[PDB]
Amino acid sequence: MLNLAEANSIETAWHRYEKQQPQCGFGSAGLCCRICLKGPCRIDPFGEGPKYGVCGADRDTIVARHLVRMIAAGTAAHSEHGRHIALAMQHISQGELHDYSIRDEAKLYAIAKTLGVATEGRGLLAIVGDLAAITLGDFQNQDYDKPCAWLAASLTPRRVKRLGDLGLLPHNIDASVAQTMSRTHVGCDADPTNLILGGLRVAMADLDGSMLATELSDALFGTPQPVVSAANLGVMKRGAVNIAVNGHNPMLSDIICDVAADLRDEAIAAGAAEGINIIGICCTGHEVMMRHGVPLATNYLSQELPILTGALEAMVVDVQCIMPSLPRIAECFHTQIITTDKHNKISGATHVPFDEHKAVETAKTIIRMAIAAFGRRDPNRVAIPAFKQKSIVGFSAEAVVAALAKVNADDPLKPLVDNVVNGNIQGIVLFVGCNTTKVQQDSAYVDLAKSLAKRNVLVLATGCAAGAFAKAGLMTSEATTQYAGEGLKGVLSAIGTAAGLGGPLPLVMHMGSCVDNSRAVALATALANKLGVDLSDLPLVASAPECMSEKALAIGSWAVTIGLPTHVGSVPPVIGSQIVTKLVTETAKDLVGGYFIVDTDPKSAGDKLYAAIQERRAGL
């Protein structure tokens, strides 16, 4: 926890959770079913109740069909973000979408290198078209046996073989989601094993979306490089127009950032002495935190609380992980919750649609409204907590290897590799996932982080996990000296002073939004290649102690298919099926290297994670 801005008149996410107590144990068990209108069909595993549904389907085919349908939804969620980015890149290539451009042409040529596109003497718009045509191809191929272009280009070669031999390499992101929906229909795919393999194949179609999203978003806006930022509710200035950007797509926020600069004088004119101060919520808040250093107000669960300070002039949303309660809560104040997307309206908000073509003028309209919301701000109701915590963020996979080249420009990975074979770094944990109410907010992350840090493992974080470490200052050079542990701290401070920081590198390491989890794969696959090996051999581990979204389920599943022991700290609906639970814990260990780790205890989970790393080290 952290802030505690007591409503005392208003329902919040914590209130609505307790009024749901107790929650249906059937659904939490995975023994609920509503796929056809002959249900609802439940399974009584014990006292001689119904052991089958009207379908004839058992507990295992019921639990599994819902597992992969959840993975499929999270894949559809991530892929819709990457599709907008690739559709842009196709418009940038055709002299259209003028408000956008290739702001990082260095990242663009490197993307075309990993994809095989010629760049020598070709001109920018030709490469961009070759890059958009390929990336759109992953959304339209019908040859079930042709892997996704980004997957084949971006994994280790050993992994590409392992999955293609099992048919786990997707051919089409849209078709993977749709073929998962169709096969889980009433009376279609039954076999729990065929089902779970079908969820792992569509989990890879999520990885594709996350890769092409991160890479082409860099080329659109710039690769993150280390920057100083600040987190928590304190970053709201009373003397400023406070604009919260919540959602996922930086195509809106990165434009709002630039327009917020030229529009400062209108903020001062309306009576805001400190201009307009835009703040970030959730993954779009991380995108502009990663890139431009814009502060991060809060992560997921505490996203209604900015309106509670009585000084949020407008919260601009687009898609995903935004709470439908926000038009209700903002009606008690002056706040303007502004929806933007064609496929993301909240009843009671204010919709201004984002014409990507007319981008910077739609921004002005948005900021003009929030300047006018400042006009109706009640001044004796402002109550901003003074919690602002600083954090060094912007640690893209590119920048991390750059700071290593301040230690060895010849072999930039050699310090990392050498410091692993000797034990200063026992391993790497990547903290992923959102916020759940069945885990005390931010506590499981911080418990796990310092426990594993102390054990000499490097911590990387993304999304609402990096947001939970951002606040509570584990993203500081000081957090490294206090909790790292000697061997881990010795290296962390070496690179930390090689690149001009001021101390060591922060304990945890921001890599960005959930799609930017593809950065750590790029980090790890290059490592796995330097050693001439695969990720199912590296002392590498993922952990989602507080996960909820279907994205978190899809993200975690391809973390298994890639080779990582993946810790889940919020129990998916599998416990009702011992057979499915065997499939993802055992069996996965053998087929695909990675495996799941379901533990609700942050202390005992970090014991299995270190054990997984220590077992992983032994294999070398």
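Sequential numbering from 1, following the sequence displayed.
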If you take the mean CA temperature factor per stretch, which one wins between 260 to 268 and 172 to 180?
260 to 268
If you average the Cα B factors in the entry, which is higher, 497 to 505 or 277 to 285?
497 to 505
Would you mind finding, among 149, 219, 382, 409, the residue with the largest C-alpha temperature factor in the entry?
409
Highest CA temperature factor in the entry: which of 74, 164, 129, 490?
490
Among all modelled residues of this chain, ranked by Cα B factor, put residue 520 in the bottom, middle or top third, i.e. lowest, middle or highest.
lowest
Here the Cα B-factor of residue 24, set against its chain, lands in the third termed lowest
Relative to the other modelled residues in the chain, which third contains the C-alpha temperature factor of residue 587: lowest, middle or highest?
highest
Please say which third, lowest, middle or highest, residue 234 falls into when its CA temperature factor is compared across its chain.
middle
Which third, lowest, middle or highest, does the C-alpha temperature factor of residue 56 belong to within its own chain?
lowest
